[PDB]
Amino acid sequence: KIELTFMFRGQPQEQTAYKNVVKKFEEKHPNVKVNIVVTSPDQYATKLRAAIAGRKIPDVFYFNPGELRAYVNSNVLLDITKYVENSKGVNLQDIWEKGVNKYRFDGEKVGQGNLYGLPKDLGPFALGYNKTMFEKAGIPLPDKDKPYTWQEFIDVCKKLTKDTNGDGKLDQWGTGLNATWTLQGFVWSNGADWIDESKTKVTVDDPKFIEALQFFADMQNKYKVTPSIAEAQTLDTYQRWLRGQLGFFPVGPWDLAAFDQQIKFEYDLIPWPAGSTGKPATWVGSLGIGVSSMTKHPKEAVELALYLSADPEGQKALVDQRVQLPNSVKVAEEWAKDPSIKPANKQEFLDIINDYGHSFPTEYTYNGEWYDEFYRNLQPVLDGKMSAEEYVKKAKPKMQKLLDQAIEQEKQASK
């Protein structure tokens, strides 16, 4: 008779997986009915923001770790600490500490104190390569541990870029990376970032940042190891990767079900190519599962969040359905070692989590508007109409004003 609203986002394979697992929850808890509100990833932020603006908050919902402090200040998230402590069996200490701590807040800083959510997952963003394509081309396979240098990466990408059917037109390319999701690793491995150490000053005008951004754009425009601008418009590079047209493309654990369904070639994971630091870099994503401060059924709502995040039965179902890696550290370690589950080097996901993955810069700031502004007007750089140097000099003060406002608005909302 109890009814909960569960609001979340996902690609089609993720929507199916979580709907299936919510049904398992309902089977286990016959007195609870869960009403689903689900959107595409791109639609989610707008829809959640509207719910919160109207103070019509779903009982259980996904949220961005960068919004944690703002959600606490505006009393959006229930303090679920005591419900989790009283729960039968589940020990959050089995779960990735990096994941759990993103949703703790002690009143002053993130990473400690009361629980205001549970981790949906950790989302290490690995680099995949098309092994079928390498072996057909006679090119030595990438090393599973030692990153390519940037020059080595371009060299191999050039070797892979060719006319394979002999009609005179290129139909296979080295790569086709999306700057929204893959620029970070190049910036970070080149010893740069969007913001400084203190997370209060924009640093995109760092020569190291400029070099990374120019290199990124140059893959398409200068080195020409990607589909052309027109070709990517015709069919985007994610789809071209699925069809076996690209040598390299990123892989997150949420991709695995989609790739199981659509990818017919053999692929495996490798470290990202490394810039001046010689150390690979990429991001580790996460989403939180939160409970509305205003929920009429806090026990049942926390029980649902726990089922998805930490319950061994719920987690097993999500992992079996190939939309994430295990939240339990020990389960993830034995998962990675199981050779019957592909990719062969899915250990790379854990290496990202444990060693060379970083957080998105917005996880450190009170809101992410300053960062969104960088990407909003980036495309002319990517299409070779504006230099990286010219763009970051123009973007920097716009970004800085927004970041300054985030910092101030924190001070005001936290009183």
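Numbers for residues come from their place in the sequence shown, where the first is 1.
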Next item on the list: Averaging only over Cα atoms, indicate whether 25-33 or 377-385 has the higher B-factor in the PDB entry.
Entry: 25-33
Check: Out of 43-51 and 355-363, which stretch has the higher average CA B-factor listed in the record?
Finding: 43-51
Notebook entry, point to check: Between 135, 268, 300, 121, where does the Cα B-factor run highest in the record?
Noted result: 300
Check: Between 260, 193, 205, 320, where does the Cα B-factor run highest in the record?
Finding: 320
Next item on the list: Please rank the C-alpha B-factors of the chain's modelled residues and tell me whether residue 110 sits in the lowest, middle or highest third.
Entry: highest
Checklist line | residue 185 by Cα B-factor - lowest, middle or highest third of the modelled chain | finding: lowest
Check: Based on the entry's values, in what third of the chain does the Cα temperature factor of residue 165 lie: lowest, middle or highest?
Finding: highest
Next item on the list: Among all modelled residues of this chain, ranked by Cα B factor, put residue 330 in the bottom, middle or top third, i.e. lowest, middle or highest.
Entry: highest
Next item on the list: Looking at the entry's B-factor column for C-alpha atoms only, identify whether residue 90 ranks in the lowest, middle or highest third of its chain.
Entry: highest
